[PDB]
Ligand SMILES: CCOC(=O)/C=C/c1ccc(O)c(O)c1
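To begin, one chain is listed below as structure tokens, in the form solved without the named molecule.
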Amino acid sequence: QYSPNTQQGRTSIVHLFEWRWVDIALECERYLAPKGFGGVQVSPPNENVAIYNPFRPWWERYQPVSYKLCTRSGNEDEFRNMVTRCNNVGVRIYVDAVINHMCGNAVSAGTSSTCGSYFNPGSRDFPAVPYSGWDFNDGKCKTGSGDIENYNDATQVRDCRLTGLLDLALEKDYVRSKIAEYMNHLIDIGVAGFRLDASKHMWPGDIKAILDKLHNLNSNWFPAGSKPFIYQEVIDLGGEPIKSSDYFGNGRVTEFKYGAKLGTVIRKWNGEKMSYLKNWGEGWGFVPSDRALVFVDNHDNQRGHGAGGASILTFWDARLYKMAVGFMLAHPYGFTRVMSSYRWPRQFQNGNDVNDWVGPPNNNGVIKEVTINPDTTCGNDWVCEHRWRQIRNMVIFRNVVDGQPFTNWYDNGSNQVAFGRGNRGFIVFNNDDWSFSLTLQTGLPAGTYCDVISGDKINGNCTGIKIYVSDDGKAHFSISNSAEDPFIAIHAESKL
């Protein structure tokens, strides 16, 4: 469960949040494959509640109605088309699996659902599965409200309703089997693995029992006996009784400390400085590298109400965000996920964004296509961070340096730092309030290298900065503190 099952040489996934299946399929072919992306995390592909107050929020997709592959992203045909087309160009699909719960207990009964299936939350009736009252934790939960009240009680966190979401009885073989049926449908279509949503709210042993029922990956694309990559969403910032290590038997875990701390560091908040990043990884109290799924922001915390609070960096903070993503992609710790977002009309009132519910760009609820602009950016309010040169080129950097050791660290005791990855790549940051101008040991072979942050190698030309590495491995770097992108990265495949 620990291996991503990406094609050899591909080392990241991108969350194409709320994208339509047809747009992901095209994106695999026209961009993700040639630019070396390992795979895509898709939004939940199973039928959910169509919530109209507020108007089609992103979070409706976290309230299942059935396991039909029928959503605002597309239908089953379109989902299958996408997985096939992506696998056929060596780009994998990872499904966001919403398996802790069905929908909110107070949602009105009817057919307000993305495939029109009937459901009745009040009577616990989801006939498109089918589930009934016997399949939920009403009896097992011990709180007065039936909802989770106290995260200091690890039992109620698992057995009671997360903000009123009907909590599936995951100890039951019937329920485990219906979930496995859904997941095996997806595996056989060709998915490479799963994000397990709300894993903190499930017992590690119930997750185990579900995973036990799963097929090996599709043998047209994956070697025999391949197992789905599993990354469990466990939000563990320390201090709580539930620890993400309790989930290591089942797969990797999301390391939410990663972006919270990195954001604080890059913002230079709480006395933090980039020079402290020398021992980044387990030294900062994180999970072992081989069990981490890391990221700067995710779809929830980029809205500010999330794990990491105000320190989280997002596309709204573009300049610092690129630096944080670049550091993450250069550093060997963890398996990296890049976010790809849409814009929405933020409106703050006492620090809270009252529009943080807004769903993807849409025409009266129909999701808008991702358009590609002549400069390779996206239109229709899709942010397409994964297309920003500085991020896409660092996804490639990570591929190029795969397996190479963290080495040749430099710091100035403040916020000017640099490091290499064996003899294959080197990166330099200036986050201080004065310029960086210094000759550093890069560990790289002599030559002229294109800086892949400011530009690209095209044939035998660079379109941005050139760095000149001498016979002894040393090169000069100049970075103004006022620089648009105050970091430089070079690697074996950017050498002229």
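Heads up, when I say rigid core I mean the largest set of C-alphas that superpose within 1.5 Å between the two forms. The first residue of the shown sequence is 1; numbering continues from there.
FYI, the form solved in complex with the named molecule isn't displayed, but the following is about it.
Asks: Among the candidate stretches 323-331, 242-250, 182-190, 419-427, which one is within 4.5 Å of the named molecule in the deposited complex when only heavy atoms are counted?
Replies: Stretch with heavy atoms near the partner: 242-250.
Asks: Identify whether the named molecule in the deposited complex is within 4.5 Å of every residue in the set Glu18, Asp432 and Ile479, based on non-hydrogen atoms.
Replies: Not a single listed residue reaches the named molecule in the deposited complex, so no.
Asks: Under a 4.5 angstroms heavy atom criterion, identify the one residue in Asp402, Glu149, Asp138, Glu369 near the named molecule in the deposited complex.
Replies: None of the others qualify; the residue that does is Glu369.
Asks: Only one of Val95, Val287, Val91, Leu262 has a non-hydrogen atom within 4.5 angstroms of the named molecule in the deposited complex; which is it?
Replies: When the named molecule is considered in the deposited complex, the option within 4.5 Å is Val287.
Asks: Indicate whether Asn81 is a 4.5 Å heavy atom neighbour of the named molecule in the deposited complex.
Replies: Looking in the deposited complex, residue contacts with the named molecule include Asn81, since a heavy atom lies within 4.5 Å.
Asks: Using 4.5 Å between non-hydrogen atoms, is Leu26 touching the named molecule in the deposited complex?
Replies: Looking in the deposited complex, residue contacts with the named molecule include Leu26, since a heavy atom lies within 4.5 Å.
Asks: Do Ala483 and the named molecule come within 4.5 Å of each other in the deposited complex, heavy atoms counted?
Replies: Because no heavy atom of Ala483 falls inside 4.5 Å of the named molecule in the deposited complex, the answer is no.
Asks: Since only the chain is shown here, I'm wondering whether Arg85 would be in contact with the named molecule in the deposited complex (any heavy atom pair within 4.5 Å).
Replies: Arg85: contacts the named molecule in the deposited complex.
Asks: For a quick check, can you give me the residues of 449-479 that have a heavy atom within 4.5 Å of the named molecule in the deposited complex?
Replies: Sequence-ordered list is empty.
Asks: Any idea which of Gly146, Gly309, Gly104, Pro361 has its C-alpha shifted 2 Å or more between this form and the one not shown with the rigid core fixed?
Replies: Between the two forms, the residue that moves is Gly309.
Asks: Would you say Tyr52 moves between this form and the one not shown, meaning its CA shifts by 2 Å or more once the core is fitted?
Replies: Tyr52: C-alpha displaced by 2 Å or more between this form and the one not shown.
Asks: Once both forms sit on the same rigid core, is the C-alpha displacement of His299 at or above 2 Å between this form and the one not shown?
Replies: Yes; that C-alpha moves by at least 2 Å between this form and the one not shown.
Asks: Rigid core fitted, is the C-alpha displacement of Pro130 between this form and the one not shown 2 Å or more?
Replies: No, because once the rigid core is superposed, the C-alpha of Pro130 moves less than 2 Å between this form and the one not shown.
Asks: Since the Cα-Cα distance for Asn352 and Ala318 shifts by 3 angstroms or more in the deposited complex, is it a contraction (closer) or an expansion (farther)?
Replies: Residues converge in the deposited complex, at least 3 Å closer.
Asks: Closer or farther: the C-alpha atoms of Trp134 and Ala109 in the deposited complex, versus the form shown, with a change of 3 angstroms or more?
Replies: Farther apart, by at least 3 Å.
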